[PDB]
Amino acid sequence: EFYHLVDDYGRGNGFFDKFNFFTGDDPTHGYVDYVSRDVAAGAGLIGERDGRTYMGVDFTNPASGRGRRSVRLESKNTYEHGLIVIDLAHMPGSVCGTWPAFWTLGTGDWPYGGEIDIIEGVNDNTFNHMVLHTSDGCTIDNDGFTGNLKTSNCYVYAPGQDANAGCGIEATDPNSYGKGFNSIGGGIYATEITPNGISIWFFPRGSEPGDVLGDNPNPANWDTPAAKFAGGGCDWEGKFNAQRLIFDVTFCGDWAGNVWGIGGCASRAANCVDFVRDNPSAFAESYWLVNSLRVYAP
């Protein structure tokens, strides 16, 4: 009643069988070499670790070619309305030069089917950033969530914002991302998509509701979400269509590479690319460790 399970991703190979591995050049122009499932398996980039599904990057070899090896998985199934719940024991760390994301992407030409970034950040970020990217004509209200609103216009080319900033909300818990998240053993991110808006809850390890992992979650009884995107400034139903789930870690590129120079990573090397190419050992923490991924429908 309210929500029922429609898709449990399981773990290991059964989990990977539910995704297509993207191998094209990075759309965000990162210094990354997305590899095939076979190559990933052969490189230790994907697998299982004590029952948890693992997806990481090459932290052994000096990089060459398109960039450091990683994987980008995009789900075979798509969902228009629903509740996506991911329980993570570990996510890519706050590593200089990286840009991990767990997100959703609509069908058709971007940004017309919408995009939802659930877990995303760069370099040595502390806080998670939850963000929507849409076509023109979608802004959100500033209430109903605990995070800090950074940009109110979800349009990817919104007038007063950096290109492709979208409408983002920054989480206030320092354990919501990277280093901190991993120090507590991770947690759960649940995101609900309805005809009236999107909500994303973050439950640090141990603080989750008793029904969040079960077969009939009821978000209506959960604590205030970390981010909520709603309001009359957007036709929620028309701005987002069927979404596929995506996991990736890219390096440098349009965001991480672009801000390398003004942050705490500037001292590691003159450029982001030089650091990522020459310091493989730095990326050992850049991996996802999934306990479960389950999608529900109303």
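So that there is no doubt, residue numbering starts at 1 and follows the sequence shown.
- Averaged over Cα atoms, the B-factor as recorded in the entry is higher for 214 to 222 than for the other of 214 to 222 and 91 to 99.
- As listed in the deposited structure, the average C-alpha B-factor of 33 to 41 and of 227 to 235 is greater for 227 to 235.
- Highest CA B-factor among 142, 104, 175, 123, as stated in the entry: 142.
- Take 281, 20, 286, 13 and read off each C-alpha B-factor from the entry; 13 has the highest.
- Annotation for residue 61: CA B-factor lies in the middle third of the chain's modelled residues.
- Placement of the Cα temperature factor of residue 116 within the chain: lowest third of the modelled residues, per the deposited record.
- Placement of the Cα temperature factor of residue 110 within the chain: highest third of the modelled residues, per the deposited record.
- When the CA B factors of the chain's modelled residues are split into thirds, the value for residue 154 lands in the middle one.
- Compared with the other modelled residues of the chain, the Cα B-factor recorded for residue 170 ranks in the middle third.
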